[PDB]
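# Fold and contact review
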Amino acid sequence: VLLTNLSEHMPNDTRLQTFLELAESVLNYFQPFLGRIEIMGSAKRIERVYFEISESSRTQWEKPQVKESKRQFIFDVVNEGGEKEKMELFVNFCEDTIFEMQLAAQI
Amino acid sequence: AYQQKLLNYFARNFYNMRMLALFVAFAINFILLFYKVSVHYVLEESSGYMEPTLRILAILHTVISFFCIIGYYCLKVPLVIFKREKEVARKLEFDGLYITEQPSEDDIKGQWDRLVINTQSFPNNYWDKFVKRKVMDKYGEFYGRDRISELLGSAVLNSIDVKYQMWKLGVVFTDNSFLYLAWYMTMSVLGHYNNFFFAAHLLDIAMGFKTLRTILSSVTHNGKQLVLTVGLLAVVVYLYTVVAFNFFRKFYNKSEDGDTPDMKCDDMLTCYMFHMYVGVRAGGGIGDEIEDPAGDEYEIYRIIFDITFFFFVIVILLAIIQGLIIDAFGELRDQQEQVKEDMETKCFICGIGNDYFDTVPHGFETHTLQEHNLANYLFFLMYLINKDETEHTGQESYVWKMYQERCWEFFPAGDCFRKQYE
Amino acid sequence: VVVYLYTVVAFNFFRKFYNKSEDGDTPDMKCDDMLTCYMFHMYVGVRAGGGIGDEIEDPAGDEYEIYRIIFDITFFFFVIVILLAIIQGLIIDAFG
Amino acid sequence: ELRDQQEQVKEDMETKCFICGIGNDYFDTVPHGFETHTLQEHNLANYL
Ligand SMILES: Nc1ncnc2c1ncn2[C@@H]1O[C@H](COP(=O)(O)OP(=O)(O)OP(=O)(O)O)[C@@H](O)[C@H]1O
Ligand SMILES: Nc1ncnc2c1ncn2[C@@H]1O[C@H](COP(=O)(O)OP(=O)(O)OP(=O)(O)O)[C@@H](O)[C@H]1O
Ligand SMILES: Cn1c(=O)c2c(ncn2C)n(C)c1=O
Ligand SMILES: [Ca+2]
Ligand SMILES: [Zn+2]
Ligand SMILES: [Zn+2]
């Protein structure tokens, strides 16, 4: 996480670059795991956020019963959706997809 | 605990016995056409297990139907009961309909949801139990006494869930999909009682090959001009029947040559069913099943009558009925097309897509793979829920508070980080 | 599937309105055979054009007249117009 | 032609108003933007 944050929040180096490519199979072992997103952290500028993706959830979300619900939700959004509700329905989808992720995880 | 193991097996294995039930009903009605008439009976062609394996496969079909609906009872029923609890609670909090609204005679769904607040275990999934006391003590001061009232209030005799379970049955029985599969079960039972109409289970091709939402697709694009247009066609044929009945009281002969006890169209009622059943299903027009106009002083009128009127009817009206129905399919295919294309050129979150984002090789591919990916928001919410409320970082707790506040402007609208650089 | 459903219904009720012979003085032909009924409805009613209301008994004087008129009219213009027209539409749109 | 004119009355009315005549492109960025335009700003009966 730290090395990715260095290399991404400061690219265009000469200093880091030799160290950057030096011994990184960790990066190979940890690019199924780091999740990167983008937000606006009240400073009115886009600030990428790095975090953990649980190993009991890539299997839980790439399997069916949920992969089924994904396309249905994408269809109901892009089919018809106003320019404001987009995200509120998206987070409703997020919350009950958590609920289904939970009760499919107990199976 | 074997019942726990069994229901978890059915819920993990649910999307395969749909295919199995379709295959079984398909293979049964492959056989069911082998009948004749003696009272109805089945012949024997090649291999003498026709009757017993029909008996076996009807048994197996009905078992897999009941099997499947119990598997669906243990599956998505919590998801929809969850969504309904979430909607009820998040309209008690930010709106409080049972404080102020007491909603109108339409939208009876919330009116049925009125029957669930005085249970014991109201928000029983909802990831939660808490918001009941929060709402009914945040509003329970200048609407005090009644809400403070309605907040608190083997050997098992009456110590199970009563009103919530009745409400749950009420919400389950208003489903599309559950009611569909329950009708499918009852048709399995009555087709087990009478194997003639057992073939109604080829209607489950409505969820056929790569067309999983065809019920919503067919419900959506109903134009309802078509009902008004069929009404127009009926009015034109009825006007015609008025005219032909009120003048042409001899040119109809259902018999042959009049030596037989001839049949001249007279009954108005029949004259109308005749013109529908015959002239619409003619194709060549009503100028076929008619007296020939040779040698009559209404010959000119009847030729003008027939030619103009019924090519004006059948060509124009039946062609535009056909045009409405085919254009419905055209709208189906157009929306199925401009979901996929503008999703695959311009994403959700950026909402600008590969124009100034275009110049990077594999550009939009890298956008949706690394940058946002729409599950990293979901996995992010897993992460940002499952930690403690003291170990967030700055941005992390900030996003948590904006989520709890329901503000929704921390998603980057109109610009992303790669475009921000310049 | 729609024609097979139809054959199920017509076979299971209308066990007299089919006559391939002429007037019944000839040794008349009702098509009771389910197998034949289905090939009959394909080969005849689809290749009809005018619909299956042609090669049929006339409904004059029977207590299933209303049912058979509703049956024939609604069902087979619903079949031939819509289904055959959109088959034609798919093939022409391929050229498009 | 009937259905096309009945369609592009409604759609381009509901994206670009009378009075502005540019609509929700640089007016777009406000949430409920064009809605607020036709509700508050001009509303075509406030002229009347
Ligand atoms: N913001 C976004 N969120 C989600 N998906 C996006 C976004 N932007 C683009 N996409 C597209 O979503 C597609 C997902 O790929 P694909 O559909 O092959 O897998 P899938 O979604 O698992 O499959 P299915 O849709 O059949 O479930 C990608 O091609 C990508 O172009
Ligand atoms: N400059 C404008 N003047 C008038 N109406 C406008 C203007 N710009 C946009 N509109 C649109 O007019 C619509 C009026 O809303 P709506 O049609 O639902 O009510 P209405 O006009 O009373 O209904 P109806 O058209 O059936 O009488 C709004 O959706 C708005 O988008
Ligand atoms: C336990 N829990 C929560 O506590 C929660 C939540 N969403 C918000 N909160 C607050 N989810 C999905 C959740 O499972
Ligand atoms: Ca701390
Ligand atoms: Zn984006
Ligand atoms: Zn304006």
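Each chain carries its own residue count, beginning from 1 and running in the order its sequence is written; this scheme need not agree with the entry numbering, and residues with no coordinates do not appear. Each chain is given a letter, starting from A, and each ligand a number, starting from 1, according to the order in which they appear as written. Chains on display form part of a larger assembly; values are given for the displayed part and nothing beyond it. Note that water and hydrogens are dropped before the side-chain values are worked out from all heavy atoms of the structure. Residues with missing side-chain atoms are left out of burial classes, side-chain pairs and their counts.

Its PDB header attributes the entry to cryo-EM and lists the resolution as 4.2 Å.

## Quick look at the interface of chain B and chain C
By definition in these notes, contact holds between two residues if any of their heavy atoms fall within 4.5 Å. On the chain C side, the residues contacting the 20 residues of chain B number 23 residues. Per the convention used, a helix needs a DSSP run of H or I reaching at least four residues, while a strand needs a run of E reaching at least two, with both numbered from the N terminus. Secondary structure elements with two or more residues in the side of chain B that touches chain C: strand 1 (36-37), helix 13 (268-280) and helix 14 (299-343) of chain B. No other element matches the 4 residues that helix 14 of chain B contributes to the side of chain B that touches chain C. For the side of chain B that touches chain C, the residue count by class is 15 nonpolar, 3 polar and 2 charged. The nonpolar class holds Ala, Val, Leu, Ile, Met, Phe, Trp, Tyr, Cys and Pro. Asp, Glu, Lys and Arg form the charged class, and all remaining residues, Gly among them, are polar.

## Details of the coordination of the zinc ion (ligand 6)
All names here are of chain D. Water is absent from the atoms considered, so a metal site may look incomplete; donors are defined as N, O and S atoms within 2.8 Å of the metal, or 3.2 Å for Na, K and Ca. The protein atoms donating to the zinc ion (ligand 6) are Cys-17 (SG), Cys-20 (N), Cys-20 (SG) and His-37 (NE2), with metal-donor distances spanning 2.3 to 2.6 Å. Its 4 donor atoms give the zinc ion (ligand 6) angles of 70 to 151° at the centre, a pattern that matches the irregular case. Motif for the zinc ion (ligand 6), donor spacing along one chain: C-x2-C-x16-H. Exposed residues in this analysis have more than 50% of their type's maximum accessible area, buried residues have under 20%, and partly exposed residues fall in between, with area computed by a 1.4 Å probe over protein chains only. We classify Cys-20 as partly exposed; its relative accessible area is 35%. For four-coordinate sites, all angles between 85 and 135 degrees define a tetrahedron; for four- and six-coordinate sites, opposite donors beyond 155 degrees with the remaining angles between 65 and 115 define square planar and octahedral shapes respectively, and all other cases count as irregular.

## Here we look at the nonpolar core
Among the nonpolar cores identified, the biggest contains 32 residues, and A:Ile37, A:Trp61, A:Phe90 and B:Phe380 are the most heavily contacted of them. Of all the elements in the fold, those that place two or more residues in this core are strand 1 (34-40), strand 2 (46-52), helix 5 (67-79) and helix 6 (86-105) of chain A together with helix 16 (376-386) and helix 17 (394-405) of chain B. In terms of residue count, the dominant contributor to this core is helix 16 of chain B (7 residues). Each residue touching A:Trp61, except ones within four places of it in the same chain, is listed here: A:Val66, A:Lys67, A:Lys70, A:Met101, B:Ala375, B:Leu378 and B:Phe379. Here the nonpolar core consists of buried residues drawn from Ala, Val, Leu, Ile, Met, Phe, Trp, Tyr and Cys, with membership extended through side-chain atoms lying within 4.5 Å.

## Regarding the pattern of salt bridges
Within this document, salt bridges are pairs made up of a side-chain nitrogen of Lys or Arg and a carboxyl oxygen of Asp or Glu, the two lying within 4 Å of each other. On inspection of all chains with the given rule, the structure shows 10 salt bridges over all chains. A salt bridge links A:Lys67 to A:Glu62; the shortest N-O distance between them is 3.6 Å. Overall, the relative accessible area of 23% leaves A:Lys67 in the partly exposed class. Between B:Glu405 and B:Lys401 there is a salt bridge, with the nearest N and O atoms lying 3.0 Å from each other. In this pair, B:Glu405 and B:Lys401 are both assigned in helix 17, 4 residues apart and thus about one turn of the helix distant. The partly exposed category is assigned to B:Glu405, whose relative accessible area is 46%. Judged by its relative accessible area of 44%, B:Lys401 falls in the partly exposed class. Bridged by salt links that share partners, the residues A:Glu95, B:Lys86 and B:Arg90 form one connected network.

## Some points on the site of ligand 1
Nearness of a residue to a molecule or strand requires only that one of the residue's heavy atoms be within 4 Å of it. Ligand 1 sits among A:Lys67, A:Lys70, A:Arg71, B:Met343, B:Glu344, B:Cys347, B:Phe348, B:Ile349, B:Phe364, B:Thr368 and B:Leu374. Two or more chains meet at ligand 1, and those chains are chains A and B. Pairing of N or O atoms within 3.5 Å defines a polar contact, subject to two protein rules: one partner must be a possible hydrogen donor and the other a possible acceptor, and residues neighboring in sequence count only if both atoms are side-chain atoms. Taking A:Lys67, its side chain carries an N or O atom lying 2.4 Å from an oxygen atom of ligand 1. The separation between a nitrogen atom of ligand 1 and a polar main-chain atom of B:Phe348 is 3.5 Å. The Shrake-Rupley method, run with a 1.4 Å probe, gives the accessible areas here. Residue values count only the displayed protein chains as cover. Surface burial for ligand 1 is 63%, taken as the share of its 630 Å² of free accessible area covered by protein chains. Broken down by element, the shell around ligand 1 gets its largest block of residues, 3 residues, from helix 5 of chain A. Broken down by class, the residue content of the shell around ligand 1 amounts to 6 nonpolar, 1 polar and 4 charged.

## Focus: the site of ligand 3
Taken together, A:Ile98, B:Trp127, B:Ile385, B:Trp400 and B:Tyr403 make up the full set of residues near ligand 3. Bordering ligand 3 are residues originating from chains A and B. In isolation ligand 3 exposes 330 Å². Once the protein is present, 69% of that is buried. Taken together, the residues that form the shell around ligand 3 break down as 5 nonpolar, no polar and no charged.

## What to know about the interface of chain A and chain B
Tallying the contact residues gives 42 residues for chain A and 46 residues for chain B. Two parts lose some accessible area (1.4 Å probe) when they are put together, and adding that loss for both gives the buried area. At the boundary of chain A with chain B, total buried surface from both sides reaches about 4600 Å², with 71% on carbon and sulfur atoms. Contact with chain B buries surface across chain A, with A:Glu38, A:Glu95 and A:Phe99 losing the most and accounting together for 14% of the total. Taken together, the links from chain A to chain B amount to 2 salt bridges. With a shortest N-O distance of 2.5 Å, A:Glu95 and B:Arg90 are connected by a salt bridge. For the pair chain A and chain B, the number of links is 9 residue pairs in polar contact. Those elements that place two or more of their residues in the side of chain A that touches chain B are strand 1, strand 2, helix 4 (55-62), helix 5 and helix 6 of chain A. Of the residues forming the side of chain A that touches chain B, the biggest block, 14 residues, is contributed by helix 6 of chain A. Taken together, the residues that form the side of chain A that touches chain B break down as 21 nonpolar, 9 polar and 12 charged.

## Thoughts on the packing of aromatic side chains
For any two aromatic rings, the description comes down to two numbers: the centre-to-centre distance and the angle of the planes. A pair of aromatic rings is counted whenever rings of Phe, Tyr or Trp (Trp by its six-membered ring) have centres within 6.5 Å, and the orientation is called stacked for planes under 30 degrees apart, edge-to-face for over 60 and tilted otherwise. In this structure the tally under the stated criterion is 45 aromatic pairs over all chains. Ring centres of B:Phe248 and B:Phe305 lie 4.9 Å apart, and the angle between their planes is 75°; on these two criteria the pair is classed as edge-to-face. With B:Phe248 in the loop between helix 12 (225-247) and helix 13 and B:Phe305 in helix 14, this pair connects stretches of sequence that are 57 residues apart. Between B:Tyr377 and B:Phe411, the aromatic rings sit 5.0 Å apart at their centres with planes inclined by 75°, giving edge-to-face as the arrangement. Of the two residues, B:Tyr377 sits in helix 16 while B:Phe411 sits in the loop between helix 17 and helix 18 (417-421), which places them 34 residues apart along the sequence. Judged on exposure class, the residue B:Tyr377 and its partner B:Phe411 are both buried. We call a charge positioned above a ring when the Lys NZ or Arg CZ atom is no farther than 6 Å from the ring centre and deviates by at most 35 degrees from the ring normal. Sitting above the plane of the B:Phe274 ring, B:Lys254 keeps its charged end 4.6 Å from the centroid. Cation over ring: C:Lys20 sits above C:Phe40, and NZ or CZ is 4.6 Å from the ring centre.

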